[PDB]
Amino acid sequence: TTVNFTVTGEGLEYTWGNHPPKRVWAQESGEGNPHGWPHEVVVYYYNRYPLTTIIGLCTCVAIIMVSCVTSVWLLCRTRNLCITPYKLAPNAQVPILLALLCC
Amino acid sequence: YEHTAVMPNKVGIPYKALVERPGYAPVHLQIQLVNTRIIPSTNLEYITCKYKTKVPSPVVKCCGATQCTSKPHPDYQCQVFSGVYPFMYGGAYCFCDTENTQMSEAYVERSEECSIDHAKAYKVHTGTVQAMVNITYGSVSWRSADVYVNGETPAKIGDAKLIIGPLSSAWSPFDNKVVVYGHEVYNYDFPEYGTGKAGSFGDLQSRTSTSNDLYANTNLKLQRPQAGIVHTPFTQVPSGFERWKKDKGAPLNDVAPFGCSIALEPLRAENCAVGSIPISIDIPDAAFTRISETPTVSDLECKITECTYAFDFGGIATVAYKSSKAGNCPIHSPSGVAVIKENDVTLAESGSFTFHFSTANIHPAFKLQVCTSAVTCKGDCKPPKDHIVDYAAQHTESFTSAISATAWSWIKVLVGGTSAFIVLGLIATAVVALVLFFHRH
Amino acid sequence: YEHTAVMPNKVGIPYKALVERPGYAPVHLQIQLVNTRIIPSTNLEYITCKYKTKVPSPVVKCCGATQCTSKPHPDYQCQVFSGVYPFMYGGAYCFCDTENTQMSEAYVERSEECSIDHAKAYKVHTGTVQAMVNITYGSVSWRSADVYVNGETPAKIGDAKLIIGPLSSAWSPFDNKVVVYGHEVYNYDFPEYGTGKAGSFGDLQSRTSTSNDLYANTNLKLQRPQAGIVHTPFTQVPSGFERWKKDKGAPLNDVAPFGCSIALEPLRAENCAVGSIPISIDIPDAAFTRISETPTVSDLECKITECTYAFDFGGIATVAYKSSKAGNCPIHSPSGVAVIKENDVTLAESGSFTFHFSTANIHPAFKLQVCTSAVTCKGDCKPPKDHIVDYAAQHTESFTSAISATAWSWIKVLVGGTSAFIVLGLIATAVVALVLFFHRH
Ligand SMILES: *[C@@H]1O[C@H](CO)[C@@H](O)[C@H](O)[C@H]1NC(C)=O
Ligand SMILES: *[C@@H]1O[C@H](CO)[C@@H](O)[C@H](O)[C@H]1NC(C)=O
Ligand SMILES: *[C@@H]1O[C@H](CO)[C@@H](O)[C@H](O)[C@H]1NC(C)=O
């Protein structure tokens, strides 16, 4: 029969009948390229840290979504507050600089 | 000079340090544990083994009857069977056809094998912790002695006074109750003396293997002899010691966490890699040499020529130097980034030397101490090729050990970019807020 | 028939009960503890005693000099004294005047008295609890046996099987570390082996009284011999064992709470009155008589003829009765108010009998279980006259034991009066609110 055991850096010991127990340790030789492109970096850390990478990536995306939505929401809020004083006054100066920063 | 530090509770992985006594050149210190033994206090509760049933000659009363009496024997049974007409080699034993009785007796004994084949039930309490420590320092060769890991009792090893602090973890693989059979130890909540059940582990119990007061609990029942036959038949529950030996399961020797090795003389758990060990060693004053009496090392430049973050000493570094009064100079890395294989080097007035190191870091950056001097070593390390090795890691892995410069760059952009987006939104809000004020004013 | 109950952990005070088996007349049961022993598990740490200083013959080198060497003797000292010109009975020992040398040696060893006069340092762990129990039931006389208070291990006492539950309290008078000296036990936090200080308890330490590895820490210093005299003078800190004897203080034998008595073989604490003890006893079936075969008692009238709530059986009561068969009848009081002195009484066809009881109540009221029947006894008890007695109380006092009828009268009036006055105000408050309502409506 063939038996497959998971071995970590903490080590694993196995005893085959009437033989002295043998101890083996796994090295950090997972496949990937931590110095390559983003798809290669994530693969390396996923293979080395499966759960941490999954949790880490979700946290990064969640942070980006909240920050980008908040950033754009404030910028949209800026345009509404910045332009409204001129929307209600058709006969207004409306400086050209306004059309470049608040639009 | 007393040196105090904390070393991990690891066996076979040496602890290295430089003992720096003000005014004297550093003395390299190396402390290696040969074994660590958790030796609990044990109280034998009772001894269990396979029973033997003793059956004395039955009393055959012809043309009459007899009566049973109680006796002080373990699981003693006695019964009188009337209406027997036994036959022997010489013919009918009794004259009367039915007015005859046979009184059968039986009781339980320890078998002859009980002197060698028995299980010992122990109560286990906190005991002591001992270790074998192998120590070398300076130019003194390796010396070792057995020590008590309690932080109080000193040990004299090669003119050095060693006090090994108590283990930071009070963890022990033994429960309050263990059973020792042969070389194997089992964590087993054995029944109290006098309460063992028939066909189970405690059916037969003895306070000691040579006692004369034995507890036995088997369904020993005398059966009626077969017609015309003189014998003492009985039924009994099969021995629970033989049953237990079949259903023992995995011993503590095979399931103990932290790699503990279980030994019996005395009962102890060896090499359990739990916690850390405070240490304090008093180095002889004669082992220290004054700074002005040792070589001066300067102009150090460290180059990593090869590196892989394998469990072995996969790193190779070359250090260029200039010095004076050529002679031996200890080498040490105070940080945990890299473990140095060499303990000392011989320095000329100028040249370079090489050393090997073990690191888990993908981009190691560590300080190397060269007696009275230090240099910073930096480089990149490639992944190890072997998936599985038969030896433990020399280095220690940190949270940030695996993070590459590329990964740090992406994290820096992630945090910097995320912040920059919010900052622009906040700046725009502040600018418009002021403009709204100036409109009214 | 198994009877289960909880009895107080008291020695000399009997536990009384009626074993009530459905269909059979009650069997009076009396369980009394003769002694109770807490027997902890101990491990000898080391043995301390008064030291002896061994001084070998000095080496006197004439016209020359010698050098000292290191030896394994405990607290070994060696010093070379130059410039000696010793004299003896035969004249000047050496020829040269100032070129002679004397070598002095001394070391510490156990004294001869250490074989009898020594203190044992023990580490104490939870052990076992054992007791001697005196039991009588029905018409069977008192029988006793030594038992293990585990709650599981049964004991055979006069054909009855007793199982005694563990003590409700895990309390033990022994600390984690104790010192046993003579007949005395001290809860002394002794220093670990190898860390004893000069002039203090652990200055000399030995693992056993015969050990060849002796620890000794005394400021043993060799002094220069007197001019012209051959001897080996020295100074040393007086023994810390002799000092400890002077300052050891009060032993555990004299300060243990709960009246514990301390014994050494084995080390144990006896008769500690802590908590209560669960009990389970199987009464043999032969001890029970069918109800229809026993007397029937009726028209019981109980009169308290005299009562004092003294520690002894100061209560006297008379019970009038009528009974069939004129047989013997167990007597019991299941209420905790009073303890009955007599176990059973002899009944005639009609008449009365007296019994004695001990109660703490000023106005006792208790149920007397005349076999298969019951009568309620009520009376008034006078205060005891003796201030101090040399025997323990036979009864148990409760929160309300001392509250007299007049005390209840005042409590009832004060509590009731204030409550009624509060209610009277609230009633008036509700009515006036309605009175105002009717004015508007
Ligand atoms: C063990 O792993 C190998 C992959 O090399 C696979 O082919 C095999 O089926 C596995 N065996 C079991 C029992 O999972
Ligand atoms: C101590 O270490 C040296 C070198 O590592 C070795 O030769 C010696 O056997 C060790 N001593 C023990 C008791 O293991
Ligand atoms: C049991 O009690 C009876 C009377 O109370 C006494 O005679 C007997 O000696 C007691 N047994 C023990 C062991 O003290």
# chains A, B, ... in the order shown; residues from 1 in each chain; ligands from 1
>>> residues_around(residues="residue 331 in chain C", least_positions_apart="6", cutoff="9 Å", atoms="only C-alpha atoms", output="ChimeraX atom specification")
/C:18,28,340,342-345,355,368-371
>>> write_last_selection(atoms="N, CA, C and O atoms", output="tab-separated table (two decimals), in the first residue's frame")
chain	number	residue	atom	x	y	z
C	18	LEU	N	-32.28	4.93	60.30
C	18	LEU	CA	-33.12	3.75	60.13
C	18	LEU	C	-33.08	3.38	58.65
C	18	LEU	O	-33.42	4.21	57.80
C	28	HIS	N	-32.15	-0.33	62.33
C	28	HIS	CA	-31.35	0.78	62.84
C	28	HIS	C	-29.90	0.59	62.43
C	28	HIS	O	-29.33	-0.50	62.58
C	340	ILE	N	-30.80	11.11	69.47
C	340	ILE	CA	-31.37	10.16	70.42
C	340	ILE	C	-30.27	9.26	70.96
C	340	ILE	O	-29.45	8.73	70.20
C	342	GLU	N	-30.70	6.32	72.98
C	342	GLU	CA	-31.06	4.92	72.80
C	342	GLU	C	-31.29	4.58	71.34
C	342	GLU	O	-31.78	5.41	70.56
C	343	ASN	N	-30.93	3.35	70.97
C	343	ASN	CA	-31.15	2.86	69.62
C	343	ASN	C	-32.48	2.14	69.47
C	343	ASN	O	-33.08	2.18	68.39
C	344	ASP	N	-32.96	1.47	70.52
C	344	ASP	CA	-34.22	0.75	70.46
C	344	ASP	C	-34.76	0.60	71.87
C	344	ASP	O	-34.03	0.78	72.86
C	345	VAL	N	-36.04	0.26	71.96
C	345	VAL	CA	-36.72	0.08	73.24
C	345	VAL	C	-37.54	-1.20	73.21
C	345	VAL	O	-37.89	-1.72	72.15
C	355	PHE	N	-36.66	7.96	76.87
C	355	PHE	CA	-35.46	8.03	76.05
C	355	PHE	C	-34.77	9.36	76.32
C	355	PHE	O	-35.39	10.32	76.77
C	368	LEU	N	-40.04	11.55	66.48
C	368	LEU	CA	-39.44	10.33	66.99
C	368	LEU	C	-40.05	9.15	66.23
C	368	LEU	O	-41.24	8.86	66.38
C	369	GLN	N	-39.23	8.48	65.42
C	369	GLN	CA	-39.67	7.34	64.62
C	369	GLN	C	-39.69	6.06	65.45
C	369	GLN	O	-38.78	5.22	65.38
C	370	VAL	N	-40.75	5.88	66.23
C	370	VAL	CA	-40.96	4.59	66.86
C	370	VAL	C	-41.27	3.61	65.75
C	370	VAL	O	-42.17	3.84	64.93
C	371	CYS	N	-40.52	2.50	65.70
C	371	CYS	CA	-40.54	1.58	64.57
C	371	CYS	C	-41.90	1.51	63.88
C	371	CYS	O	-42.92	1.20	64.51
>>> residues_near_ligand(ligand="ligand 3", cutoff="10 Å", atoms="only C-alpha atoms and all ligand atoms", output="PDB file with C-alpha atoms, in the first residue's frame")
ATOM      1  CA  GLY C  12     -16.417   9.857  68.085  1.00  0.00           C
ATOM      2  CA  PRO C  14     -21.981   8.320  65.643  1.00  0.00           C
ATOM      3  CA  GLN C  30     -25.075   3.247  63.425  1.00  0.00           C
ATOM      4  CA  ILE C  31     -21.814   4.253  61.716  1.00  0.00           C
ATOM      5  CA  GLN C  32     -19.049   5.826  63.803  1.00  0.00           C
ATOM      6  CA  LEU C  33     -15.561   6.882  62.739  1.00  0.00           C
ATOM      7  CA  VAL C  34     -12.757   5.706  65.003  1.00  0.00           C
ATOM      8  CA  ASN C  35     -10.118   7.770  63.210  1.00  0.00           C
ATOM      9  CA  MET C 132     -11.277   3.158  60.800  1.00  0.00           C
ATOM     10  CA  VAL C 133     -15.065   2.791  60.949  1.00  0.00           C
ATOM     11  CA  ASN C 134     -17.116   1.168  63.719  1.00  0.00           C
ATOM     12  CA  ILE C 135     -20.461  -0.152  62.425  1.00  0.00           C
ATOM     13  CA  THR C 136     -23.414  -1.921  64.050  1.00  0.00           C
ATOM     14  CA  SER C 141     -22.834  -6.114  67.401  1.00  0.00           C
ATOM     15  CA  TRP C 142     -20.198  -3.507  66.567  1.00  0.00           C
ATOM     16  CA  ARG C 143     -17.743  -4.479  63.826  1.00  0.00           C
ATOM     17  CA  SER C 144     -14.892  -2.362  62.488  1.00  0.00           C
ATOM     18  CA  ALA C 145     -12.458  -2.301  59.585  1.00  0.00           C
ATOM     19  CA  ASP C 146      -9.866   0.024  58.085  1.00  0.00           C
TER      20      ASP C 146
END
>>> residues_near_ligand(ligand="ligand 1", cutoff="10 Å", atoms="only C-alpha atoms and all ligand atoms", output="ChimeraX atom specification")
/A:1-5
>>> write_last_selection(atoms="N, CA and C atoms", output="mmCIF file, in the first residue's frame")
data_model
loop_
_atom_site.group_PDB
_atom_site.id
_atom_site.type_symbol
_atom_site.label_atom_id
_atom_site.label_comp_id
_atom_site.auth_asym_id
_atom_site.auth_seq_id
_atom_site.Cartn_x
_atom_site.Cartn_y
_atom_site.Cartn_z
ATOM 1 N N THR A 1 0.840 -1.188 0.000
ATOM 2 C CA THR A 1 0.000 0.000 0.000
ATOM 3 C C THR A 1 0.878 1.242 0.000
ATOM 4 N N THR A 2 0.278 2.354 -0.416
ATOM 5 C CA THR A 2 0.918 3.660 -0.424
ATOM 6 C C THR A 2 0.179 4.574 0.541
ATOM 7 N N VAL A 3 0.918 5.190 1.459
ATOM 8 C CA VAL A 3 0.360 6.103 2.448
ATOM 9 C C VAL A 3 1.067 7.447 2.329
ATOM 10 N N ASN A 4 0.286 8.525 2.349
ATOM 11 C CA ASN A 4 0.786 9.886 2.198
ATOM 12 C C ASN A 4 0.537 10.642 3.493
ATOM 13 N N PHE A 5 1.601 11.178 4.084
ATOM 14 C CA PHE A 5 1.518 11.951 5.315
ATOM 15 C C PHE A 5 1.954 13.388 5.073
#
>>> closest_residue(among="B:56, B:125, B:215, B:27", to="residue 43 in chain C", atoms="only C-alpha atoms")
B:125
>>> interface_residues(of="chain A", to="chain B", cutoff="6 Å", atoms="only C-alpha atoms", output="compact mmCIF listing (two decimals) with N, CA, C and O atoms, in the first residue's frame")
# COMPACT_ATOMS: atom_id res chain seq x y z
N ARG A 23 12.49 10.31 11.85
CA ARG A 23 11.97 11.67 11.90
C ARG A 23 12.38 12.41 10.64
O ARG A 23 13.53 12.32 10.20
N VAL A 24 11.42 13.12 10.04
CA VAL A 24 11.66 13.89 8.83
C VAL A 24 11.01 15.26 9.00
O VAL A 24 9.98 15.41 9.66
N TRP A 25 11.63 16.26 8.37
CA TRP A 25 11.16 17.64 8.43
C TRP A 25 11.04 18.19 7.02
O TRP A 25 11.87 17.89 6.15
N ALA A 26 10.01 18.98 6.79
CA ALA A 26 9.75 19.57 5.48
C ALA A 26 10.37 20.96 5.38
O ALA A 26 10.22 21.78 6.30
N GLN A 27 11.04 21.22 4.27
CA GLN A 27 11.64 22.52 4.01
C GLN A 27 10.66 23.40 3.24
O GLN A 27 9.67 22.93 2.66
N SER A 29 10.24 24.68 0.39
CA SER A 29 10.60 24.54 -1.02
C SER A 29 9.40 24.61 -1.95
O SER A 29 9.45 24.08 -3.07
N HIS A 35 9.66 36.90 -6.47
CA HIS A 35 10.24 38.08 -7.09
C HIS A 35 9.70 38.34 -8.49
O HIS A 35 10.22 39.21 -9.19
N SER A 71 -13.26 57.47 -1.37
CA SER A 71 -12.54 58.54 -2.07
C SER A 71 -13.40 59.14 -3.18
O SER A 71 -13.51 60.37 -3.29
N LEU A 74 -16.45 61.09 -1.72
CA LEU A 74 -16.07 62.43 -1.30
C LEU A 74 -15.80 63.33 -2.50
O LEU A 74 -16.14 64.52 -2.48
N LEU A 75 -15.17 62.80 -3.55
CA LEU A 75 -14.94 63.61 -4.75
C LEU A 75 -16.25 63.94 -5.45
O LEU A 75 -16.42 65.05 -5.96
N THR A 78 -17.70 66.51 -3.42
CA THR A 78 -17.00 67.76 -3.69
C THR A 78 -17.60 68.46 -4.90
O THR A 78 -17.87 69.67 -4.86
N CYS A 82 -19.27 71.90 -4.72
CA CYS A 82 -18.49 72.93 -5.42
C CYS A 82 -19.28 73.57 -6.56
O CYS A 82 -19.20 74.78 -6.76
>>> interface_residues(of="chain B", to="chain C", cutoff="6 Å", atoms="only C-alpha atoms", output="MDAnalysis selection string")
chainID B and resid 153 194:195
>>> write_last_selection(atoms="N, CA and C atoms", output="PDB file, in the first residue's frame")
ATOM      1  N   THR B 153      19.459  25.015  41.761  1.00  0.00           N
ATOM      2  CA  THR B 153      20.607  24.142  41.999  1.00  0.00           C
ATOM      3  C   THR B 153      21.712  24.366  40.973  1.00  0.00           C
ATOM      4  N   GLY B 194     -10.005  -2.658  44.218  1.00  0.00           N
ATOM      5  CA  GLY B 194     -11.206  -3.270  44.740  1.00  0.00           C
ATOM      6  C   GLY B 194     -12.461  -3.006  43.940  1.00  0.00           C
ATOM      7  N   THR B 195     -12.372  -2.257  42.844  1.00  0.00           N
ATOM      8  CA  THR B 195     -13.531  -1.922  42.028  1.00  0.00           C
ATOM      9  C   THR B 195     -13.441  -2.452  40.605  1.00  0.00           C
TER      10      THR B 195
END
>>> atom_distance(atom1="CA of residue 97 in chain A", atom2="CA of residue 440 in chain B")
19.6 Å
>>> atom_distance(atom1="CA of residue 220 in chain C", atom2="CA of residue 233 in chain C")
10.4 Å
>>> closest_residue(among="B:286, B:180, B:185, B:279", to="residue 8 in chain B", atoms="only C-alpha atoms")
B:279
>>> closest_residue(among="A:62, A:39, A:11, A:44", to="residue 273 in chain B", atoms="only C-alpha atoms")
A:11
>>> residues_around(residues="residue 49 in chain C", least_positions_apart="2", cutoff="6 Å", atoms="only C-alpha atoms", output="list in words")
residues 114, 118 and 241 of chain C
>>> atom_distance(atom1="CA of residue 184 in chain B", atom2="CA of residue 204 in chain B")
20.0 Å
>>> select_by_dssp(residues="range 106-234 of chain C", states="strand (DSSP E)", output="number ranges by chain")
C: 106-110, 119-137, 140-148, 155-157, 160-164, 177-181, 184-186, 204-206, 214-216, 221-222, 234
>>> residues_around(residues="residue 347 in chain B", least_positions_apart="6", cutoff="7 Å", atoms="only C-alpha atoms", output="JSON, numbers by chain")
{"B": [326, 327, 328, 329]}
>>> residues_around(residues="residue 401 in chain B", least_positions_apart="5", cutoff="12 Å", atoms="only C-alpha atoms", output="PyMOL selection string")
(chain A and resi 28+45+48) or (chain B and resi 309+336-338+359-365+380-381+395-396+407-408)
>>> write_last_selection(atoms="N, CA, C and O atoms", output="mmCIF file, in the first residue's frame")
data_model
loop_
_atom_site.group_PDB
_atom_site.id
_atom_site.type_symbol
_atom_site.label_atom_id
_atom_site.label_comp_id
_atom_site.auth_asym_id
_atom_site.auth_seq_id
_atom_site.Cartn_x
_atom_site.Cartn_y
_atom_site.Cartn_z
ATOM 1 N N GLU A 28 10.939 24.707 3.248
ATOM 2 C CA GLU A 28 10.103 25.700 2.569
ATOM 3 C C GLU A 28 10.490 25.783 1.091
ATOM 4 O O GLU A 28 10.989 26.792 0.590
ATOM 5 N N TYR A 45 3.238 32.702 -2.164
ATOM 6 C CA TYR A 45 2.756 32.849 -0.799
ATOM 7 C C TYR A 45 1.514 32.010 -0.532
ATOM 8 O O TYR A 45 1.286 31.600 0.610
ATOM 9 N N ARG A 48 2.993 28.643 0.223
ATOM 10 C CA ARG A 48 3.691 28.650 1.505
ATOM 11 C C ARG A 48 2.754 28.976 2.665
ATOM 12 O O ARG A 48 2.882 28.390 3.745
ATOM 13 N N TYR B 309 17.712 29.252 1.839
ATOM 14 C CA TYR B 309 17.135 29.179 3.180
ATOM 15 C C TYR B 309 16.705 27.762 3.548
ATOM 16 O O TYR B 309 15.577 27.499 3.959
ATOM 17 N N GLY B 336 18.743 36.961 15.332
ATOM 18 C CA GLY B 336 18.155 35.684 14.991
ATOM 19 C C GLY B 336 18.004 35.433 13.511
ATOM 20 O O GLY B 336 17.488 34.385 13.113
ATOM 21 N N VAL B 337 18.444 36.379 12.678
ATOM 22 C CA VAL B 337 18.306 36.237 11.231
ATOM 23 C C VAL B 337 19.133 35.067 10.708
ATOM 24 O O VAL B 337 18.683 34.326 9.828
ATOM 25 N N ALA B 338 20.350 34.882 11.225
ATOM 26 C CA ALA B 338 21.220 33.820 10.735
ATOM 27 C C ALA B 338 21.987 33.149 11.863
ATOM 28 O O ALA B 338 22.380 33.797 12.835
ATOM 29 N N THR B 359 19.787 30.359 7.566
ATOM 30 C CA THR B 359 18.769 31.388 7.687
ATOM 31 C C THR B 359 17.493 30.947 6.991
ATOM 32 O O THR B 359 17.529 30.247 5.979
ATOM 33 N N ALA B 360 16.362 31.365 7.551
ATOM 34 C CA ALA B 360 15.064 31.161 6.925
ATOM 35 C C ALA B 360 14.639 32.355 6.084
ATOM 36 O O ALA B 360 13.624 32.275 5.383
ATOM 37 N N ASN B 361 15.388 33.450 6.146
ATOM 38 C CA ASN B 361 15.006 34.693 5.497
ATOM 39 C C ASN B 361 15.365 34.692 4.018
ATOM 40 O O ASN B 361 16.461 34.283 3.626
ATOM 41 N N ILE B 362 14.425 35.168 3.200
ATOM 42 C CA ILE B 362 14.639 35.261 1.760
ATOM 43 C C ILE B 362 15.609 36.389 1.423
ATOM 44 O O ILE B 362 16.365 36.294 0.449
ATOM 45 N N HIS B 363 15.608 37.463 2.206
ATOM 46 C CA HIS B 363 16.546 38.576 2.050
ATOM 47 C C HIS B 363 17.209 38.817 3.397
ATOM 48 O O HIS B 363 16.902 39.793 4.092
ATOM 49 N N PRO B 364 18.116 37.933 3.805
ATOM 50 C CA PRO B 364 18.735 38.083 5.123
ATOM 51 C C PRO B 364 19.579 39.340 5.224
ATOM 52 O O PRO B 364 20.295 39.715 4.292
ATOM 53 N N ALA B 365 19.491 39.978 6.383
ATOM 54 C CA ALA B 365 20.319 41.125 6.732
ATOM 55 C C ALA B 365 20.642 40.943 8.203
ATOM 56 O O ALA B 365 19.754 41.070 9.051
ATOM 57 N N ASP B 380 20.697 37.892 -1.047
ATOM 58 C CA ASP B 380 19.471 37.201 -1.424
ATOM 59 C C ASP B 380 19.683 35.697 -1.311
ATOM 60 O O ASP B 380 20.769 35.192 -1.613
ATOM 61 N N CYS B 381 18.642 34.982 -0.887
ATOM 62 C CA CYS B 381 18.699 33.539 -0.708
ATOM 63 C C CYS B 381 17.668 32.851 -1.592
ATOM 64 O O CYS B 381 16.515 33.287 -1.674
ATOM 65 N N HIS B 395 17.939 27.285 11.942
ATOM 66 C CA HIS B 395 17.431 28.642 12.065
ATOM 67 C C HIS B 395 16.033 28.689 12.687
ATOM 68 O O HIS B 395 15.442 27.671 13.054
ATOM 69 N N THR B 396 15.508 29.910 12.811
ATOM 70 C CA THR B 396 14.167 30.172 13.317
ATOM 71 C C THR B 396 13.424 31.046 12.315
ATOM 72 O O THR B 396 13.967 32.048 11.841
ATOM 73 N N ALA B 407 7.396 41.609 -2.668
ATOM 74 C CA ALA B 407 6.189 41.596 -1.850
ATOM 75 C C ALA B 407 6.088 42.852 -0.995
ATOM 76 O O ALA B 407 5.001 43.422 -0.847
ATOM 77 N N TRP B 408 7.206 43.303 -0.424
ATOM 78 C CA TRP B 408 7.181 44.547 0.336
ATOM 79 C C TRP B 408 6.805 45.721 -0.557
ATOM 80 O O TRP B 408 6.043 46.604 -0.148
#
>>> residues_around(residues="residue 296 in chain C", least_positions_apart="5", cutoff="8 Å", atoms="only C-alpha atoms", output="mmCIF file with N, CA and C atoms, in the first residue's frame")
data_model
loop_
_atom_site.group_PDB
_atom_site.id
_atom_site.type_symbol
_atom_site.label_atom_id
_atom_site.label_comp_id
_atom_site.auth_asym_id
_atom_site.auth_seq_id
_atom_site.Cartn_x
_atom_site.Cartn_y
_atom_site.Cartn_z
ATOM 1 N N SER C 323 -49.054 -1.398 72.059
ATOM 2 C CA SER C 323 -48.393 -2.167 71.014
ATOM 3 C C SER C 323 -48.824 -3.624 71.042
ATOM 4 N N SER C 324 -48.929 -4.218 69.858
ATOM 5 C CA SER C 324 -49.181 -5.643 69.743
ATOM 6 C C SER C 324 -47.872 -6.428 69.814
ATOM 7 N N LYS C 325 -47.996 -7.706 70.168
ATOM 8 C CA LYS C 325 -46.883 -8.652 70.162
ATOM 9 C C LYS C 325 -45.818 -8.360 71.219
ATOM 10 N N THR C 372 -41.915 1.807 62.582
ATOM 11 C CA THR C 372 -43.085 1.840 61.709
ATOM 12 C C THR C 372 -44.040 2.977 62.045
#
>>> closest_residue(among="C:9, C:104, C:218, C:253", to="residue 181 in chain C", atoms="only C-alpha atoms")
C:253
